[PDB]
Every structure is written in structure tokens, then in C-alpha cells.
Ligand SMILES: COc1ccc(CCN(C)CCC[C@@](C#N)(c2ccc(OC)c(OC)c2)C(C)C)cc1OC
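The chain below stands alone, shown as C-alpha cells; this is the form deposited without the ligand.
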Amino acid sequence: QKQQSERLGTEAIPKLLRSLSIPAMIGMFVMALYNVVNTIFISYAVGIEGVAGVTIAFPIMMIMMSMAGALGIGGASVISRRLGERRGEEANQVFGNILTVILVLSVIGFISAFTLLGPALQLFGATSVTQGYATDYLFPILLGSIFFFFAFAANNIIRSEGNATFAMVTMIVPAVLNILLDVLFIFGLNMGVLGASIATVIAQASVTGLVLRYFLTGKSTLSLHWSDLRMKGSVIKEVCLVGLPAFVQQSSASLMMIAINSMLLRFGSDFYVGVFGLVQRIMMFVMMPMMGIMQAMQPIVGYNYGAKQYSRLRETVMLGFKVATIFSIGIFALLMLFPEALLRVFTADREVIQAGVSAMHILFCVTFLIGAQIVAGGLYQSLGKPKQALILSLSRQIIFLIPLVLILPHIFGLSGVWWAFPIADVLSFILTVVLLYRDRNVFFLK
């Protein structure tokens, strides 16, 4: 019991999602812009060498980010599950008693920066060139760790409450900055990776300075305390609880895409790593459309569970679903009528727009089904019972994906790329379907 500051708690619930989604739909899309408009520089004051440096260094970023993402997520499904179920002050506690574990790692990172940086880095396809870059990239980042962590937790929990809007602005803003911040060093100076890396710390600092405001200054949305608010609850236990499947999802994908970057450093030293980098943020970029919808419900389907209008949250979940789908099929179509013009950035041989696009062809006759497949995941999450969600990811990401590449690559070919995805994913979808007639309670409406 505290004071539920504006945002909502309202039951104006379709425009809830509507004007809870779009802020992700924007922020994300723009940080997706930054990603873009940043890298391309590093194809300039440096060529493609460091562009790999990054692409290898990359996963090691996500290593922490998964860790603070679990952290960030817990928060979001706790704090909403406790703002319908209105233990208002518990939230206050949580918030801070997370900031603990963060500041724990915001140090461990600092530590390993000075420690495990190289040790780990060198450990795979260490092209004497791209090596230094990744270091010169990674060294800053870890220093460095602190702002980074915070800002994602924060920009996650503020969704967990209601502020996808100021989220917008925890977002839009590093972006715009970073752009002009990089330009600054990378090009205008010549602090290449070396300093587009410090450009993006000065980014994640400058937000944090701001996030303190929207958490101290006119302590917006909610229960937000600062002196001894936190300590180290036995609540800690309770977010690692929510988060376990959260940091799995990444440390499933992340821990597997270091591999496919470095097994491809044994074949294509740098030519083929920059194009990994490339294929991602078109998955990711035109993931967003989905991704964003989910974070709407994240807290919506959060304080609605929380002993409130069970009635109207299914409304969320059916709608939730209902939308997604139309983007599932939307992307999917657009992802297989324009696999041509998107391989018109990949312009090379007339064989490149062949088995290059053959994978991209029916590799993704799956897409339209992916909608649910992921909606489901925030709705075992917006409702702290990720034990089934725990269950879930391990299918999609590992215990069905890997045990499919492997069973085509024993020997089945560049067919072992293709069938391995299309189909692994659909066993994952079929599976999910059953976890909801397992639980005729989320969607206890149709």
C-alpha cells in the first residue's frame, strides 16, 4: 500500500496495449537505427576487420546483459504482479534490493574488464587484427558495466510499472546522442572502435543520470525509495526465480552464437562474420514488431494478474495473441516476397541470390507461427511462474534446435542448416499450444 502514480492501473484495456506497445515500437526501432548508423562507420575509419571484432566481442556483451535482463525481468513481473496484487511497498523494496545485485555485477564486470577480458576473448578465432579491436571495443564497455546494467534494468522495470513512454526516452536518447557521440570520436577524431566504444559508454552514462531523476526527482510512477530502502532481501531468491528462464533465453542463443561466429572464423576469417552481424539485426530489426507487443502485456497482464480484473486480462491475452498473429503472417509474407530485395544488400554472385535465398526462402515458412510461440513466453513471465517458461525456451533454443542441426550435420548437408530451423521451431510452437490447454486459465475465454 503506497501511492499509485498516474501511468495507469487503468482498465481502458485495449488501448492499454496500444499505447503501451508503441513506445517500444518506437524506442527499439530507433536503437535499431543507432545500431545501423553506428556500425557502418566502423566499415570506414576501420574496414571489416573490427566489424568482426565487434561481432565476436558481441556475445560477451550479452553475457552480462542476460544476467541483468533476468534481473530486469524479475522486477517487471514481480512489480506488476504486485500492483494489481497491490503490496505497493514490497515493490519499493524489490526495486532497490535488485540495485544491490546489479551493483554487485557492476563491479564483477569492472573486475573481469581488468581480468577475464582477453583470456576469454582470444578463445576462438583470434585473427591478430580483429583481436585488438574486440579488446579495444570490450575494454571500455566493461568499465563501464555499471551504467550499462542499470539502464536496462531501469528501462525494463519502468515498463513493469507503466512508463513505456519515458521508456521511449530512456531509449530515443542514448541513440540520438550515440550517433553524434560516435561521429565525434570514430570519424571526427579517429578513436575508431577504441572510441565508438567510449562513445557508447558516454551514452549509457548520460541516460542513467536521467533515470535517477524518474526514480528520485519527483519519484515518478511508483514506490521508489532511496536511503536504506533496499538491503539484500530473501526477495533476491524471488527474481532469479522469474529471471532464470529470462537469462537462459539469451545465454541459450548468446552462448550458441559465439560458436557460429568462430566456427566461421575457421572458414571465412572476416568476410563471413560481418554478414553474420548483418543477418541478425534484420531478424532483430523486424523482430521488434513482435517484441514490442509483448512488453505492452509484460505489465498489463501484470497488474491485471495481481488479484485485479481477471476478466479484462484474458482480454489482453486473447488480444495479445490476436494482434501478434497478424504480424506473424505479416512479417512472414514480407519476409518471403522480399527475400530478393533484402538479398539486394547481399549483392554478389547469381549463386548468392540462390541457396543464399533458398535458406531464406522456406527457412522461414515458420514465422507466422512464431507470433504465439513468444507471446506465451511473456505471459508465463508477466506472471511470475516461469517454471513452465523455463521448460519452454529449452525446447526452442536448445534441446530441440541443437539436437536437430547435429542430426542433419552428422551428414545431411546445407540441408542441415535448413530443416534444422524451420522444423525445430514448429515442434516448439506445437509444444507451446499444449502448455495452454495445459493451462486453460490464461486464455480461459475461447
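For every residue, the number given is its place in the sequence shown, counted from 1.
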{"item": "Per the entry, higher mean C-alpha B factor between 28-36 and 390-398", "value": "390-398"}
{"item": "Greater mean Cα temperature factor according to the PDB record, 228-236 or 151-159", "value": "228-236"}
{"item": "Largest Cα B-factor, entry values, listed residues 202, 120, 376, 98", "value": "120"}
{"item": "Peak C-alpha temperature factor (PDB record), options 92, 208, 254, 325", "value": "254"}
{"item": "Lowest, middle or highest third - CA B-factor, residue 274", "value": "middle"}
{"item": "Modelled-residue ranking by C-alpha temperature factor, third containing residue 268", "value": "highest"}
{"item": "Where the record places residue 16 (Cα B-factor, split into thirds across the chain)", "value": "middle"}
{"item": "Assigned third (lowest, middle, highest) for the C-alpha B factor of residue 192", "value": "middle"}
{"item": "Where the record places residue 178 (Cα B-factor, split into thirds across the chain)", "value": "lowest"}
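Quick note: we don't show the form deposited with the ligand bound, though the next part is all about it.
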| query | finding |
| --- | --- |
| Partner proximity in the entry with it bound: residue 31 to the ligand, non-hydrogen atom cutoff 4.5 Å | yes |
| Any non-hydrogen atom of residue 58 within 4.5 angstroms of the ligand in the entry with it bound | yes |
| Close approach of residue 43 to the ligand in the entry with it bound, 4.5 Å, heavy atom | no |
| Residue 308: touches the ligand in the entry with it bound, heavy atom cutoff 4.5 angstroms | no |
| Full three-residue contact with the ligand in the entry with it bound, heavy atom 4.5 Å, for 92, 154 and 230 | no |
| In the entry with it bound, the one of 383, 401, 48, 65 near the ligand [non-hydrogen atom within 4.5 angstroms] | 65 |
| Interface residue in the entry with it bound among 250, 112, 220, 131, criterion: non-hydrogen atom within 4.5 angstroms of the ligand | 250 |
| Partner-proximal stretch of 360-368, 329-337, 146-154, 118-126 relative to the ligand in the entry with it bound, 4.5 angstroms, heavy atom | 146-154 |
